[PDB]
Number of protein chains: 2
Amino acid sequence: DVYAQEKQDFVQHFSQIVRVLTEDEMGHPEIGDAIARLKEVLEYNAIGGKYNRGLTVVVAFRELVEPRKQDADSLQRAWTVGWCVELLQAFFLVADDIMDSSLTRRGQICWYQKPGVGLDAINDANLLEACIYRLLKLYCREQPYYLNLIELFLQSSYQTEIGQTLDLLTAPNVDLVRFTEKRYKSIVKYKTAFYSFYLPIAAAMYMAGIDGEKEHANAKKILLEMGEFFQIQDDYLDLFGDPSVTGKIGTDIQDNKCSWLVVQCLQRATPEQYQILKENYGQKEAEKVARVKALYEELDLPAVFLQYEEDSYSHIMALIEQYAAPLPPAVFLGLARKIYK
Amino acid sequence: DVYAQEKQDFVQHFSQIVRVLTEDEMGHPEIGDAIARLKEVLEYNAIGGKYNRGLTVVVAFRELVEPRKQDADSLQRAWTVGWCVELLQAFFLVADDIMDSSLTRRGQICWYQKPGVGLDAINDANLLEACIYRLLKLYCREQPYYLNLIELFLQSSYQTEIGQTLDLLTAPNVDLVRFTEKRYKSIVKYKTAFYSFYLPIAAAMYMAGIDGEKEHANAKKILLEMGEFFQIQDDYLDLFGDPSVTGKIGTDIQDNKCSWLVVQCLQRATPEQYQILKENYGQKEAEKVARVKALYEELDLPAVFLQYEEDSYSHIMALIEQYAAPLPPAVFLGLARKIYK
Ligand SMILES: Cc1ccc(-c2cc3c(N[C@H](Cc4cccc(F)c4)P(=O)(O)O)ncnc3s2)cc1Cl
Ligand SMILES: Cc1ccc(-c2cc3c(N[C@H](Cc4cccc(F)c4)P(=O)(O)O)ncnc3s2)cc1Cl
Ligand SMILES: Cc1ccc(-c2cc3c(N[C@H](Cc4cccc(F)c4)P(=O)(O)O)ncnc3s2)cc1Cl
Ligand SMILES: Cc1ccc(-c2cc3c(N[C@H](Cc4cccc(F)c4)P(=O)(O)O)ncnc3s2)cc1Cl
Ligand SMILES: [Cl-]
Ligand SMILES: [Cl-]
Ligand SMILES: [Cl-]
Ligand SMILES: [Cl-]
């Protein structure tokens with residue numbers, strides 16, 4: 001895996017990221033204590049995932065730039081912009097965990113639940129966001145793609161926050177008339193797909209001098225469709241995934257989520273089934289969760305999913321055929337491989 | 001007051017700000033509901049203050065640009081960038097009110113305390129921040145100062161968040177050994193002074209083509225000192241201000257704040273007085289608040305303040321004399337007039 005290869009160098013760079021972000025403690029004694037807390041926030045929240053989004057920046061950059069133009073400095077910058085994607089993500093998650101009242105994340109206590117953090121985590125989340133722009137300036141300010149990357153990260157933030165707003169309005173209070181296919185697809189596009197799939201490839205593209213609006217729009221069309229499939233599979237696996245394979249155990253039903261599953265169930269159910277759903281969806285008690293799952297099985301949603309997975313795979317391959325050029329198809333196929341596996 | 005003059009046109013522009021931010025509902029039906037919530041967030045949180053910071057952008061712009069170069073479009077842009085300062089502020093306050101567990105703000109129920117908002121206000125705060133960059137792009141993207149303003153707002157955000165972190169570490173848990181003059185001045189500089197005083201003049205300067213680092217640094221030296229005095233007076237007035245004149249009633253002592261007053265008190269008190277402070281500071285009960293106030297009076301802190309106000313006034317005037325050029329002194333004197341009144 002081209003991801004397994006760059007991974008070591010990527011995680012190693014994190015040390016440098018932290019050092020440079022905290023080096024103002026050398027210019028500004030007065031803020032020492034705050035900079036110490038920033039360092040703690042970075043190490044607890046930016047480390048510990050799989051880094052797929054950040055690494056995607058580095059892999060794509062290596063495929064898109066002639067080897068002649070990939071000097072030590074070029075690659076410092078790619079590792080930094082990859083880490084900027086991971087910091088964006090850490091900003092979203094710290095804030096989301098507060099808003100959802102989550103306990104754990106990535107098999108750890110959520111930052112805001114830590115003794116002595118609490119709602120101070122809101123400012124901590126904001127600093128994680130701010131760090132992105134500190135890093136872009138420190139590493140990329142003299143580059144022709146500087147302003148392109150600032151605007152891409154700011155737009156990625158807005159799209160994701162819009163998606164969150166839509167999600168919060170949809171899944172406050174237990175209600176299913178909200179849980180439509182058009183609304184589900186909208187949430188996924190704004191809240192997940194733009195920042196997870198479009199943003200890291202887009203960033204690599206700008207870094208490689210590929211700034212044309214048509215090329216960005218072509219890549220976007222492939223990448224938002226990949227993001228849609230990725231979330232749908234995530235929603236499917238939450239309930240039907242082996243938890244020792246996926247690393248989560250699902251609470252979508254307990255948590256009244258607008259999951260792909262419940263959207264499909266509502267398209268398919270009878271009035272009687274609607275009731276079994278309405279009576280059981282979004283309860284803590286486990287017998288209520290068994291009865292939602294059972295209804296999903298009665299309606300063969302696993303079969304529906306596998307069908308959707310196959311269709312989705314043809315469609316993505318067609319999209320790559322038609323819209324990849326002039327990027328190397330491998331940019332898109334490497335992603336497709338990671339998620340349809 | 002040059003502020004009273006521009007004020008009508010400034011508040012009138014808000015309608016247009018909202019219209020343009022919500023006009024994507026015309027490109028993107030799917031996100032209609034989210035855009036409706038954005039509109040509600042903007043109207044509840046961006047309206048209702050005195051707009052001193054935003055208006056400062058417009059007044060300074062009018063003093064700094066030859067009248068020949070102040071066309072209808074120039075002024076649209078100045079009103080927009082003024083509103084960007086007010087949106088930055090609304091982002092800070094919505095988030096701060098959550099973190100402090102405040103009930104009211106500007107004589108209204110805090111947004112997050114509204115039925116059905118709660119911690120969703122965190123995402124609402126983030127959208128207010130995002131709106132800044134939407135507006136800069138929509139109104140200023142073709143301008144030579146575009147990237148200058150993006151960087152100024154992003155830096156203003158970082159400085160303020162750093163200041164918040166320092167504040168949160170200083171005033172968590174009741175403790176006064178933290179409450180030193182050096183720490184107080186650091187909090188004020190980062191958390192208040194950069195965004196309240198430097199940011200709006202700086203923005204006007206870039207808009208006028210004044211981008212030199214020395215000119216920005218000269219203006220900064222005056223403006224951070226003005227910001228320091230403004231907070232100290234705010235801290236003084238909280239306890240000794242007529243509330244029907246100031247529009248607040250003070251809770252600095254109840255809330256364990258690192259207020260200028262308690263910093264001065266700790267420099268001056270005996271071991272016995274320290275104890276009276278320690279036993280009473282940061283309690284709800286009113287007899288405990290009367291006894292802090294009484295100690296401040298025993299130590300003539302009002303006299304100390306008036307002395308500090310006079311000194312601070314000489315010093316600011318000296319700074320204007322020495323560092324204003326080549327800006328018109330009136331840029332600085334208009335501010336000084338608003339706050340030493
Ligand atoms: C751009 C991008 C974004 C995300 C991913 C992947 C995430 C992921 C993954 N993520 C976990 C969450 C998860 C767990 C099971 C299935 C699933 F789709 C996602 P976590 O965020 O805890 O590392 N787990 C297993 N395989 C993959 S592949 C891969 C790419 Cl190429
Ligand atoms: C770019 C790309 C994308 C996907 C794949 C493959 C996916 C896959 C595969 N995917 C399964 C999903 C699946 C199962 C049945 C039909 C279908 F189209 C897709 P799973 O994620 O369950 O391992 N199963 C067996 N072989 C392969 S080969 C291989 C490549 Cl090179
Ligand atoms: C750049 C800038 C920033 C703030 C101000 C002022 C704020 C202010 C003011 N602000 C109120 C808060 C307050 C209330 C009493 C004293 C004080 F210093 C500040 P609010 O934020 O509720 O409008 N009240 C009375 N006079 C003034 S003058 C003036 C300028 Cl030039
Ligand atoms: C640029 C500027 C700045 C401040 C002032 C004035 C402040 C002031 C003034 N300030 C009082 C504060 C004060 C009270 C005594 C001495 C002192 F230096 C300052 P307050 O805010 O209590 O009205 N009191 C009486 N006259 C004036 S004139 C006038 C101008 Cl033009
Ligand atoms: Cl270089
Ligand atoms: Cl888009
Ligand atoms: Cl024009
Ligand atoms: Cl500074």
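Numbering of ligands and ligand atoms starts at 1, following listing order. So you know, we letter chains A, B, ... as the sequences are listed, proteins then strands, and number each from 1. Note that these values count all heavy atoms, side chains included, but never hydrogens, waters or copies made by symmetry.
Near A/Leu306, meaning under 4.0 Å from any of its heavy atoms, are these atoms of ligand 2: 14 (C), 15 (C). Of all atoms in ligand 2, listed by their number and element, those nearer than 4.0 Å to a heavy atom of A/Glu310 are 16 (C), 18 (F). Listed by atom number, the atoms of ligand 2 under 4.0 Å from A/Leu333 heavy atoms are 1 (C). Interface atoms of ligand 2 facing A/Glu309, defined by a heavy-atom separation under 4.0 Å, are 12 (C), 13 (C), 19 (C), 21 (O).
Annotation: A/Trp79 is not in aromatic contact with A/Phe10 [ring centroid separation under 6.0 Å not met].
Looking at residues two or more places apart in sequence or on another chain, you find a side-chain contact (heavy atoms from CB on, under 4.5 Å) between A/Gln264 and A/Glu181, A/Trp260, A/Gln267, A/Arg268, A/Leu301, A/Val304. For B/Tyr206, the side-chain hydrogen bond (donor to acceptor under 3.5 Å, both in side chains) criterion is met by no residue, not counting sequence neighbours.
By the 6.0 Å and 45° rule, A/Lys7 does not stack over the aromatic ring of A/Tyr51.
Relative orientation of the A/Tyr236 and A/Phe305 rings is parallel, given thresholds of 30° and 60° on the angle between their planes.
Backbone and side-chain nitrogen or oxygen atoms of A/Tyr340 are examined, and one is located within less than 3.5 angstrom of a nitrogen or oxygen of ligand 2.
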